[PDB]
Amino acid sequence: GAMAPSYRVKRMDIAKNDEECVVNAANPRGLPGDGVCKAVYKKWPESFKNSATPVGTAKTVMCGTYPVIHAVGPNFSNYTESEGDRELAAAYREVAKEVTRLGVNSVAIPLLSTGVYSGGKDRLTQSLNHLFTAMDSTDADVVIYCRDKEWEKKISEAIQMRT
Ligand SMILES: [Cl-]
Ligand SMILES: [Cl-]
Ligand SMILES: [Cl-]
């Protein structure tokens with residue numbers, strides 16, 4: 001584990017991360033997809049061999065020795081707010097189990113269900129709070145990746161408020 005486990009946020013492409021493993025915002029079918037998923041497919045295509053997994057779960061596939069944890073958040077266009085909230089919390093709990101099993105000291109993670117699976121709603125606080133609920137009991141350094149300048153400021157404020 002990290003000596004003083006922390007949370008950080010960076011505004012840049014997660015495919016350029018400086019962590020020991022990455023979480024992909026995957027689709028259930030293991031397809032190249034869009035957004036984060038397409039960037040992950042271009043950087044670590046080998047990790048999409050048998051990466052299909054249900055909504056609410058995470059499945060890790062190695063690219064060489066680098067782990068790619070495919071975490072499938074719900075598409076809020078298809079799920080109700082209640083059931084989607086439950087599946088989003090579940091996907092993050094599965095990411096925490098995989099990060100612990102892998103023994104990594106750091107992990108790069110995007111906010112699940114905040115892009116094309118958001119159903120057109122701003123889900124920064126919802127998704128980030130479920131990330132904290134799952135990752136707080138782990139001792140890996142967590143680095144959250146985002147692309148919007150206002151989201152970077154809001155995620156940074158939420159991290160600092162708890163310290
Ligand atoms: Cl970039
Ligand atoms: Cl998304
Ligand atoms: Cl963003």
# chains A, B, ... in the order shown; residues from 1 in each chain; ligands from 1
>>> select_by_dssp(residues="chain A", states="helix (DSSP H, G or I)", output="MDAnalysis selection string")
chainID A and resid 14:16 35:43 45:48 81:102 124:135 149:161
>>> residues_around(residues="segment 122-138 of chain A", least_positions_apart="6", cutoff="7 Å", atoms="only C-alpha atoms", output="short mmCIF file (atom, residue, chain, number, x, y, z; two decimals) with N, CA and C atoms, in the first residue's frame")
data_model
loop_
_atom_site.label_atom_id
_atom_site.label_comp_id
_atom_site.auth_asym_id
_atom_site.auth_seq_id
_atom_site.Cartn_x
_atom_site.Cartn_y
_atom_site.Cartn_z
N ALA A 89 -23.00 2.37 -7.53
CA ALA A 89 -22.28 2.08 -6.29
C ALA A 89 -21.62 0.69 -6.33
N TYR A 92 -18.30 0.53 -8.38
CA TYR A 92 -17.14 1.04 -7.63
C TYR A 92 -16.69 0.07 -6.53
N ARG A 93 -17.66 -0.61 -5.85
CA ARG A 93 -17.23 -1.61 -4.85
C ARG A 93 -16.38 -2.72 -5.51
N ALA A 96 -12.84 -1.50 -6.02
CA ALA A 96 -12.03 -1.56 -4.79
C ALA A 96 -11.52 -2.97 -4.50
N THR A 100 -7.51 -4.00 -4.53
CA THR A 100 -6.91 -4.69 -3.36
C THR A 100 -6.27 -6.02 -3.79
N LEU A 111 -14.56 9.14 -13.52
CA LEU A 111 -15.85 9.10 -12.82
C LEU A 111 -16.84 8.32 -13.68
N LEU A 112 -17.21 7.12 -13.21
CA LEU A 112 -18.15 6.27 -13.99
C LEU A 112 -19.52 6.93 -14.15
N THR A 114 -20.58 9.36 -15.90
CA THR A 114 -20.68 10.82 -16.01
C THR A 114 -20.64 11.39 -17.42
#
>>> residues_near_ligand(ligand="ligand 2", cutoff="9 Å", atoms="only C-alpha atoms and all ligand atoms", output="VMD selection string")
chain A and resid 25 to 27 34 to 37 73 to 75 111 to 118
>>> residues_near_ligand(ligand="ligand 3", cutoff="8 Å", atoms="only C-alpha atoms and all ligand atoms", output="ChimeraX atom specification")
/A:11,111,114-115,145-149,151-152
>>> atom_distance(atom1="atom CA of residue 60 of chain A", atom2="atom CA of residue 38 of chain A")
16.7 Å
>>> closest_atom_pairs(of="chain A", to="ligand 1", cutoff="9 Å", atoms="only C-alpha atoms and all ligand atoms", output="CSV")
residue,atom,partner,partner_atom_place_in_ligand_line,distance
A:11,CA,ligand 1,1 (Cl),7.6
A:12,CA,ligand 1,1 (Cl),4.1
A:13,CA,ligand 1,1 (Cl),4.3
A:14,CA,ligand 1,1 (Cl),7.9
A:15,CA,ligand 1,1 (Cl),8.4
A:16,CA,ligand 1,1 (Cl),7.2
A:147,CA,ligand 1,1 (Cl),8.2
>>> select_by_dssp(residues="segment 17-79 of chain A", states="strand (DSSP E or B)", output="JSON, numbers by chain")
{"A": [22, 23, 24, 25, 58, 59, 60, 61, 62, 63, 66, 67, 68, 69, 70, 71]}
>>> residues_around(residues="segment 62-70 of chain A", least_positions_apart="4", cutoff="7 Å", atoms="only C-alpha atoms", output="VMD selection string")
chain A and resid 21 to 26 44 46 to 47 51 58
>>> closest_residue(among="A:31, A:102, A:9, A:90", to="residue 160 of chain A", atoms="only C-alpha atoms")
A:9
>>> atom_distance(atom1="atom CA of residue 2 of chain A", atom2="atom CA of residue 103 of chain A")
10.4 Å
>>> atom_distance(atom1="atom CA of residue 143 of chain A", atom2="atom CA of residue 109 of chain A")
6.2 Å
>>> residues_around(residues="residue 50 of chain A", least_positions_apart="2", cutoff="9 Å", atoms="only C-alpha atoms", output="list in words")
residues 30, 47, 48, 52, 53 and 61 of chain A
>>> closest_residue(among="A:17, A:150, A:71, A:4", to="residue 39 of chain A", atoms="only C-alpha atoms")
A:17
>>> residues_around(residues="residue 140 of chain A", least_positions_apart="6", cutoff="6 Å", atoms="only C-alpha atoms", output="ChimeraX atom specification")
/A:1-2,5,105-106
>>> write_last_selection(atoms="N, CA and C atoms", output="CSV table (one decimal), in the first residue's frame")
chain,number,residue,atom,x,y,z
A,1,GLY,N,0.8,-1.2,0.0
A,1,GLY,CA,0.0,0.0,0.0
A,1,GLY,C,0.8,1.3,0.0
A,2,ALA,N,0.2,2.4,-0.3
A,2,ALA,CA,0.9,3.7,-0.2
A,2,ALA,C,1.2,4.1,1.3
A,5,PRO,N,-1.9,7.0,2.1
A,5,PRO,CA,-2.8,6.9,1.0
A,5,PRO,C,-3.6,8.2,0.8
A,105,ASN,N,0.0,-0.1,-5.6
A,105,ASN,CA,0.1,1.0,-4.7
A,105,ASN,C,-0.6,2.3,-5.2
A,106,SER,N,-1.0,2.3,-6.5
A,106,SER,CA,-1.7,3.5,-7.1
A,106,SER,C,-2.7,3.0,-8.2
>>> residues_around(residues="residue 163 of chain A", least_positions_apart="4", cutoff="12 Å", atoms="only C-alpha atoms", output="PyMOL selection string")
chain A and resi 5-8+156-159
